[PDB]
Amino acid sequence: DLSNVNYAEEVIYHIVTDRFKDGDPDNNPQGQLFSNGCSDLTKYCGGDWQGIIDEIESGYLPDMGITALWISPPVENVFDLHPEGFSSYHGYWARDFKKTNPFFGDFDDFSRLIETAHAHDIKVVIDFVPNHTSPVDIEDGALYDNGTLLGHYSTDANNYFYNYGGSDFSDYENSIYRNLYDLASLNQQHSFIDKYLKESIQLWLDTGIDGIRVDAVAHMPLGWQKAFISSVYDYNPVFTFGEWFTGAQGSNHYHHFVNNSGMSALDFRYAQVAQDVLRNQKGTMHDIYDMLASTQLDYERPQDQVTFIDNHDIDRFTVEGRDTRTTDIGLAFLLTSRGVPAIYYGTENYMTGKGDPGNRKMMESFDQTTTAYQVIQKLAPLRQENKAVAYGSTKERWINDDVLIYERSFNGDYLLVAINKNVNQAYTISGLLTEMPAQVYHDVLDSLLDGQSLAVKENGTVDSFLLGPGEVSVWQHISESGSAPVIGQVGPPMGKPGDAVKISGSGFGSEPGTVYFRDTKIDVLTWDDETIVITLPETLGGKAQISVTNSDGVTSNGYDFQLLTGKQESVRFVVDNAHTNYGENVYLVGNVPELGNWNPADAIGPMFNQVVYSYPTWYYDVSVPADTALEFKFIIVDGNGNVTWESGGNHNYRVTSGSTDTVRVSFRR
């Protein structure tokens, strides 16, 4: 029930369904859609759900130590080729969100996949693509609803799609409302389509999926996404994260998504720096730690982000013609770092390939004897047994250009990892300090990567040792049920009053103490040392801290939580006749915390004014509580943050729920 809201202890294995294993040749496409031997990487090669099942049953997947399978969209895709030859093998060209892609299997096959994975305590995460259907030149973006045609893109009579110009090299607004490439953009703000997408995700939730990866989150309004994910949490909460492509430093909009959307993201900052330094020999370990420190600060919930060192949209981590020890090192780093690690299928067998679709070759073999496979076997389990790995912060204990020694800790549990990325040089490590208790520690990798023991003294010091070329050593300390409560994760990370939420950590004690949101006491459903289930309080919402006090009276760290006012709907706010001077933007502010609780510092915006409406009309799609008295005003804010308020009284509105809405006013000057 809340069994899927916390992935901190999971290790994800990411499969491109068509490219993993053809378990059922009979469901293979025939003719131009199919590539025999997978010689044309733009076509279907035959990988299917039976193939994944086969590799669970054989032990290949569960024996690796992975605990979750993240797979391609399971929904029916277009059956014709793009005019340039491209096929829908990847699942991102939907035609019916209520049906299976019959090339992957039927609903019975899907159920068998779910049942088989669950039988081995493996979770199943699916891609979900609410942004678009298919390339417009194939079938005019055809959308079906369990076999019933809803409509097409170019001939759209019901505003089911967005049909705006462009776009090339877009700004944020254009990135959202104009088409992604040549893909038919769904109009999520249209009540019928919003309802359809909700019915669709609910169907898949009903099949037993355990998590969702939302595609193209950089191309949909954050307000719509917040309302949508809130409805997912209402219905059947599962861990949800989005793919927002970005670079080492991320971006303003990316960070807002990570911290404010209600879901987490793929950690592209982590991935891009790992590729820079480890894969491509750009920069040094100093760049890796800069990234760790920076992201620890910038992300409200580092433990919720999904980390990776490669994926379906960047170069394979394994470089052709190079010592594969580097991939082993990359995996060790990934598995012991903060955030939920996602291993890309075939990394463990050193598959190579640059770009798309070069990075999506057919799974080569199923070799359990690679060093990489063994590395995963040794380290994946740590996340379930050691709370420092699942929830801990990160500290640098030793560093030079080639070496990083980092420590994670959580309520008395510890991890210490030493990595030397230079395969040609060894380094003498002197002056190392650690907070781990005094004792001799043995390498968790069992010297798989040339690791060694560590003797820690009472004062935290360690005798000099030689860190060999390409060496990784992993050391850990696990303590009993900690003293002092510490919260490691809260899931879902957002909710409305009455919603059940799970607080995970340790040191809570065996008997109910107290839980608070801000200064409001919360109802406890269940309580043990590592897990407390609560129901969210009816009190002023917004982003505030949840804190736990044990029965001994000791209070925990505060943990950021987003309390909603009620059931959310995506509402487009439109304001006419809002003239601004250069450098100024219009923002929306209002009574409920969804609208900033009257605080300009927390206002919604800057609003848009190019695509759906034109200046001096501005607009924005905002998640607001339904069946709630809303009062709001628009403000004009300059580059220094100076605020000028709309004159007169508040605009009042009440969203008579069950659907998206639009509310429109004229700016009072």
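Numbers follow the displayed sequence, beginning with 1.
- Judged by mean Cα B factor in the deposited record, 437-445 ranks above the other of 225-233 and 437-445.
- 364-372 and 290-298 differ in mean CA B-factor, and the higher of the two is recorded for 364-372.
- In the deposited coordinates, the residue among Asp602, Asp48, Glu631, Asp621 with the greatest CA B-factor is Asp602.
- The residue among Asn101, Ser175, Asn591, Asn585 whose C-alpha atom has the highest B-factor in the PDB entry is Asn585.
- Sort the modelled residues of the chain by CA B factor and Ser570 lands in the lowest third.
- Split the chain's modelled residues into thirds by C-alpha temperature factor. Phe20 is in the middle one.
- When the modelled residues of the chain are ordered by their C-alpha B factor, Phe34 lands in the highest third.
- Per the deposited record, the Cα B-factor of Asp323 falls in the highest third when ranked against the other modelled residues of its chain.
- Among the modelled residues of its chain, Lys521 has a C-alpha B-factor that falls in the highest third, as given in the PDB entry.
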